[PDB]
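To begin, one chain is listed below as structure tokens, in the form deposited in one PDB entry.
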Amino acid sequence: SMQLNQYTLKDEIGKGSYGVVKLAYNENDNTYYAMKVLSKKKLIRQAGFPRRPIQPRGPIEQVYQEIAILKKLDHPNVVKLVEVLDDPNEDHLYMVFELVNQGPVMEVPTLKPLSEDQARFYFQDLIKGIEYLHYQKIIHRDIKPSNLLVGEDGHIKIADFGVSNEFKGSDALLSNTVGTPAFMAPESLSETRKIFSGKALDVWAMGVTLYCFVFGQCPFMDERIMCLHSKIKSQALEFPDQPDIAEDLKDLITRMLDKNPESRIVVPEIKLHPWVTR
């Protein structure tokens, strides 16, 4: 192990493009937390070498976005940021989260999808979490199974706010394509620069997520980003023969994955859907 301020850093629980996640025991409150360790130089370098004398939110700015956003949130279905250790003289940046003990609900693809009942239970948490974020005027933009952490209590917490957008008024008005390709809504994948609303992007990703829950793979898939984007825009939704799923679940998924955001089901409607109300 190693000591970092009041934390004893132990088992490594995750490693990804961002940085590493360690189990951390806090000696002052005798509680365990997840500590994410990042290098600032590495995040900067990950953007690519700066060009000599539209540009995306670089990786370091995604990290700082996440900090700024999580400081203002408090909901049981959203991961809590507990502390940030950021010395201007150190390269390392440390983000301490509450421990969500079972880790991501699913790696996609999987041969072991969730049962309908487990899918519903987690989906209920997802709805509550997203309804809260939208109420707080945040569009998540990276909803997917791997960003949904299952706690010791069996409930989901939403993570990964790096490409999120805040808005004023009723909705975000967005023109940039960010997040995870398989989960990006068709209206964000237009040839010509267009403006699209934010909340509906999150509903679409929720739909892809719920399809993943019960089927273990995305409804639209291709190893090539550009062909994937084309399938998201042009392919009609299909369900496999097996596993058979309830008609009310197929209806919900169909309505979340309406390609036209004007008619796509909204969260108040999802909360009323028969599959959700059991």
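Residue numbers run from 1 along the displayed sequence. What we label the rigid core is the largest C-alpha set whose atoms superpose within 1.5 Å from one form to the other.
One more form of this protein should be noted, the form deposited in another entry, which is absent from this view; the next part is about it.
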Just checking, between the shown form and the other one and with the core aligned, does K40 shift 2 Å or more at the CA? yes
I want to check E262: does it shift between the shown form and the other one by 2 Å or more at the Cα, with the core superposed? no
Closer or farther: how do the Cα atoms of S146 and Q65 compare in the other form versus the shown form, where the change is at least 3 Å? farther
